[PDB]
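Student: Need the 3D shape of this:
(chains A and B)
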Amino acid sequence: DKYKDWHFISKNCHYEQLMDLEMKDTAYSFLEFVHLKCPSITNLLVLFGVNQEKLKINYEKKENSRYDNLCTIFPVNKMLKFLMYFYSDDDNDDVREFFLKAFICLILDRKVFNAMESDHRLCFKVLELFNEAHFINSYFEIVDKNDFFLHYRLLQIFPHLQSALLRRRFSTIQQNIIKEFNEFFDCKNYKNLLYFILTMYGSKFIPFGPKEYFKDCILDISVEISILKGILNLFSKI
Amino acid sequence: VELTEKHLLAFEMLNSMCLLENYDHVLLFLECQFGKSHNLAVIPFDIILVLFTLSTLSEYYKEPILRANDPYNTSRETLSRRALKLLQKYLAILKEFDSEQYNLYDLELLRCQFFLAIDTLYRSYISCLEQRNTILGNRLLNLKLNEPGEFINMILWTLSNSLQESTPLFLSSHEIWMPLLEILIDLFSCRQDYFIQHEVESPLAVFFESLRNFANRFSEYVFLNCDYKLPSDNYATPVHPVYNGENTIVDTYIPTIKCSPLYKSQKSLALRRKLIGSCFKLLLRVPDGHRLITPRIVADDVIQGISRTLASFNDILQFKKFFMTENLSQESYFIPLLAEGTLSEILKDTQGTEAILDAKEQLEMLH
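Tutor: Numbering: from 1, shown residues only, chains lettered A, B, ... in the order given. The structure is reproduced below:
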């Protein structure tokens, strides 16, 4: 596999139109009033080349493993500054849920993930609007099984919602974690097992240190497996 | 500030992991414990240097080295993109010394570890910089900048590619030095703060600002690719890249961001304004007495030199993006002094379409 990520943005971004919208904003921000170009958030999205009139990953349609397509993207800070004009704090819920889903889908794809500012301000400011329990309850619409390759990513972006993210997935709760370790080792789902390891380790349920009985299992299961052993040794020597 | 037995094991394990060129695990060790309980696994300075050098081999010109270091690439990222994230994360931590966070000792152990690293620009373990002077091809950051006249080419070589309309040049100053130069300047601007209240010549003054002959050369060096009048034909020599191949794009890598010229001007003028503020940091510390002897800076007419290059411009977009600042509070105390300076120079030399912006900024600062 290669570049098999979510890839929300399907087509090229309307450069010229975006550039036009990019103007009239610097002096505006220093001193929305201009919304005649794109009336609605759907129009703003399709302006980004977001989607051919779409917000949920259809895994039956293999939407979680797309191709490169070599598409261009506007600067992510400009994207998240334009998207945050159609916020409408005091509005209905059926539109705010669409806003939240559009934000979550356009934070998880590879293009917006591998093309982000070193210092994150907008990402933490947008998440701070919704509720953490609401952001993770109306979760990123990925199935619970493949929730971990994208959950590692969501925790790479926002690392503070890990304990608040395994509760909704597993509902002490360590029995479910240990049982779900199986049916991943029982099957040959090692990749999802690796990302499950990387997602759960360090929480209040699977802390670091030499002390969990995963190492024994792996030692018995023995090219993608080696990395599991190395990561487990590293986490034990902490 | 000495370490404990808890941190000595961490330091030794990190240095041994780096000795085997296993940088992936060196990053994962620090990353997999950031948003957890209050422990603050602090990086040793011998590893902060390796991070500063890893942040230089970007994927735009070194794809095979990165792809051959760690084939799996589990994080769907690159070492340079990660190292920069960790540097920024620990730097934003350092800029917030609060006791309601990790510890009052680990914080102080980080503050010492970041200050033991910029000073080069613990006799308990064998650090992996005794027997290593090359990180995957890039030599280092404390050896490449301590060369004759190299710390100044690193500044004058990123200030001219920050507005470039070419792919490798702009990329280099967008992905390596623009980010890295804002980090460094962020460290000297607090090391200097831990030199004035612990003194009874500063880190900002020597080895950073004295690279540096006159006060007008500074104003001609800050704006190095703007559209100003260009009164001095003897400009900066064609600057050479810091690392071999930095100004070359690899055939396999394909960029995906469409950066409008407004975006490039915004980023460039942000970096230039940051440099000007770092300069003004210490020039406002010299009292009404004698001027400093090391940098030979006047601190009273260097404003005239910069406000001359702003008034004598030729682009109205770049003239807005300089004063149209996002942080109207973080960069005070020198923008209104550069507003009255520019306003009091087009009126004296013309008795256009720029004096409106200066009045707007002078009114905006009325809180």
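
Student: ok, the spatially closest residue to residue A:170 that is not a sequence neighbour to residue A:59 distance?
Tutor: In this structure, residue A:170 finds its nearest non-sequential neighbour in residue A:176, 4.1 Å apart by C-beta to C-beta, 6 or more residues apart in numbering or on different chains. C-beta here means a position set from N, CA and C on the backbone, and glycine is covered the same way. To residue A:59, residue A:176 is 22 Å away according to C-beta to C-beta, to the nearest Å.

Student: Quick check: residue B:325 touching residue B:332?
Tutor: No - under the criterion of C-beta atoms under 8 Å, residue B:325 makes no contact with residue B:332, lying 9.7 Å away.

Student: residues in contact with the residue in chain A sticking out farthest from the centre?
Tutor: Distance to the chain centre peaks in chain A at residue A:31, reaching 33.8 Å (criterion: C-alpha atoms, centre = their mean). Residue A:31 is in contact with B:360, B:364, counting by C-beta atoms under 8 Å, 6 or more residues apart in numbering or on different chains.

Student: Please report how far it lies from residue B:267.
Tutor: Separation of residue A:31 from residue B:267 (C-beta to C-beta) stands at 21 Å.

Student: residue boundaries of the helices in chain A?
Tutor: For chain A, applying DSSP state H gives helices covering A:15-22, A:26-30, A:41-47, A:76-83, A:93-108, A:110-113, A:122-127, A:132-137, A:147-157, A:163-169, A:174-181, A:190-200, A:214-221, A:224-236.

Student: how about those in CSV, adding mean neighbour count and distance to residue B:149?
Tutor: Below are the helices of chain A laid out as CSV (neighbours: other C-beta atoms under 10 Å in any protein chain shown; distance: least, C-beta to C-beta, whole Å):
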stretch, mean neighbour count, distance to residue B:149
helix A:15-22, 15, 39
helix A:26-30, 13, 37
helix A:41-47, 18, 48
helix A:76-83, 20, 35
helix A:93-108, 18, 44
helix A:110-113, 20, 39
helix A:122-127, 17, 39
helix A:132-137, 15, 52
helix A:147-157, 21, 40
helix A:163-169, 16, 52
helix A:174-181, 14, 58
helix A:190-200, 20, 46
helix A:214-221, 13, 54
helix A:224-236, 16, 42
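
Student: Including distance to residue B:159, could those go into a markdown table?
Tutor: Converted to a markdown table, the helices of chain A look like this (distance: least, C-beta to C-beta, whole Å):
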| stretch | distance to residue B:159 |
| --- | --- |
| helix A:15-22 | 24 |
| helix A:26-30 | 21 |
| helix A:41-47 | 34 |
| helix A:76-83 | 22 |
| helix A:93-108 | 32 |
| helix A:110-113 | 29 |
| helix A:122-127 | 26 |
| helix A:132-137 | 41 |
| helix A:147-157 | 31 |
| helix A:163-169 | 43 |
| helix A:174-181 | 52 |
| helix A:190-200 | 40 |
| helix A:214-221 | 51 |
| helix A:224-236 | 41 |
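
Student: ok, back up a step: pretty sure the residue nearest to residue A:170 contacts residue A:167?
Tutor: No - using C-beta under 8 Å as the test, residue A:176 is too far from residue A:167 to be in contact (10.3 Å).

Student: The helices of chain A: which one's closest to residue B:78?
Tutor: For residue B:78, the closest of those is helix A:110-113, at 12.2 Å, according to C-beta to C-beta.

Student: distance between that closest one and the chain's centre?
Tutor: 10 Å (C-alpha atoms, centre = their mean, to the nearest Å).

Student: Is residue A:147 in contact with residue A:169, as I believe?
Tutor: Yes - judged on C-beta under 8 Å, residue A:147 makes contact with residue A:169 at a distance of 6.2 Å.

Student: how's chain A carved up into domains?
Tutor: A:1-130, A:160-238 (automatic domain parsing).

Student: quick one: buried residues of stretch B:295-305?
Tutor: Neighbour-count burial for stretch B:295-305, counted by 16 or more other C-beta atoms under 10 Å in any protein chain shown, picks out B:295, B:297, B:298, B:299, B:302, B:303, B:305.

Student: ok, the residue of chain A found nearest chain B to residue B:44 distance?
Tutor: Closest to chain B within chain A is residue A:159: 3.3 Å, counting by C-beta to the nearest C-beta. To residue B:44, residue A:159 is 22 Å away according to C-beta to C-beta.

Student: repeat for residue B:52
Tutor: Residue B:52 is 13 Å from residue B:44, by C-beta to C-beta.

Student: Then residue A:205?
Tutor: Residue A:205 is 30 Å from residue B:44, where distance means C-beta to C-beta.

Student: repeat for residue B:212
Tutor: Taking C-beta to C-beta, one finds residue B:212 at 32 Å from residue B:44.

Student: Please say which of those two ends up with more neighbours.
Tutor: residue B:44 (26 against 14; other C-beta atoms under 10 Å in any protein chain shown).

Student: start to end distance for stretch B:236-243?
Tutor: 19 Å (C-alpha to C-alpha, to the nearest Å).
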